[PDB]
Amino acid sequence: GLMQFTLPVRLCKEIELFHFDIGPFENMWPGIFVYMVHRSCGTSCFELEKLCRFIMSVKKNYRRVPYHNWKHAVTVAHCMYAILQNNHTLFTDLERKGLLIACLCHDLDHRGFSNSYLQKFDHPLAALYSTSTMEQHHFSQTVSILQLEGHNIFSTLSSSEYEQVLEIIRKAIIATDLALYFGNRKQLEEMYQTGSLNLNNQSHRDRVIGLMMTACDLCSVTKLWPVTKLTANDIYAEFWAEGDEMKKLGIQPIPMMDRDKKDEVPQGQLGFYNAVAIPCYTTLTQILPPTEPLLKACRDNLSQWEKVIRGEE
Ligand SMILES: Cn1ncc(C(=O)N2CCC2)c1C(=O)NCCc1nc2ccccc2n1C
Ligand SMILES: [Mg+2]
Ligand SMILES: [Zn+2]
């Protein structure tokens, strides 16, 4: 009860910043997460014992893949932590509870393959879930782990509050399906600009939490350049393995996934910052001004990819 988590000084200060990197010491990541739940939510949100047992079962259900791994889960939760702490008064008690958990759980049991590869492989998950295949799986794994004995971190919520939090988590996890981000953001753009955006409207809150999920999920582009660049290596290690598997099914993969087209990475990064990242952080900053440092960091990394193309690195 009187048992705070505390971090060393450098981490205690830097964890508050959007560009914080959680570091290479895996054994400190659970403690970093609990620290974020305690300051974001309170020391009373969760029974420590249940929370710790939940976290460890979540870690166990992430796989040893280059990018969609336990470090990604914690990284995406830290970015959510930073958004929530810079917008103290905008979110409900249930939202603060749900969104850090959603982030920790959003890629549970990922195998390093896209929805597209599952559909072309004819994986069982693609018959069970026809759209947002992996994301419906991640939510499914979240509910499974919540139902293990001693893992119900929400046990003190009422029946209707429990239904509300599981519904926040569901929509938040589904929103990490990038295919859905394009329309969600267009709709948010029009609502903000015609001044119809209304945060008392539940369907509007949903869209804004969806955009936060995309922003947190992509947050490798908002780090200091050496973090961004070394994270890109892990991302391509998965993409190129998928490309290899596409070629095993007799299908030329898209160039993003073809290791024979490494030369095209720098131009593919510009497309991605211009088509996905910059628009994401722009609309996020319009709705939630204190998230501006994510947009600034993203623009700094786009300019670093521009230098790569010009052979200045
Ligand atoms: C940095 N980050 N964060 C997330 C993602 C991302 O896309 N996803 C889906 C799972 C997470 C990326 C990223 O790097 N995407 C790579 C973009 C890209 N590289 C190309 C190389 C050649 C041709 C086209 C290319 N495009 C579009
Ligand atoms: Mg995902
Ligand atoms: Zn993710």
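Using Swiss-Prot numbers, chain A covers 724-1036, in order.
Determined via X-ray crystallography, 2.0 Å.
Positions of Cβ are set from backbone N, Cα and C atoms, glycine also.
According to Swiss-Prot, the protein has these features:
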- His791, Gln992: 3',5'-cyclic GMP binding site (BINDING)
- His791: active site, proton donor (ACT_SITE)
- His795, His829, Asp830, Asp940: divalent metal cation 1 binding site (BINDING)
- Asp830: divalent metal cation 2 binding site (BINDING)
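Annotated features taken from Swiss-Prot, shown on the structure.
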residue : record                               : Cβ contacts under 8 Å, 6 or more apart
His791  : 3',5'-cyclic GMP binding site        : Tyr785, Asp830, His833, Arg834, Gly835, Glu961
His795  : divalent metal cation 1 binding site : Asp830
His829  : divalent metal cation 1 binding site : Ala796, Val799, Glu858, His861, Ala895, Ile896, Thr899, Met936, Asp940
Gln992  : 3',5'-cyclic GMP binding site        : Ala955, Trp1028, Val1031
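Here the binding-site residues are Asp830, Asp940, and the one whose Cβ sees the fewest other Cβ atoms within 10 Å is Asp940.
Only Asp830, in sequence order, out of the binding-site residues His795, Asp830, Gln992 have a CB under 6 Å from ligand 2.
Those same-chain residues not listed among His795, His829, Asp830, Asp940 yet with C-beta within 8 angstroms of the centroid of the divalent metal cation 1 site C-beta atoms are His791, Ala796, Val799, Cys826, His833, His861, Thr899. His795 (divalent metal cation 1 binding site) falls within a helical segment according to DSSP.
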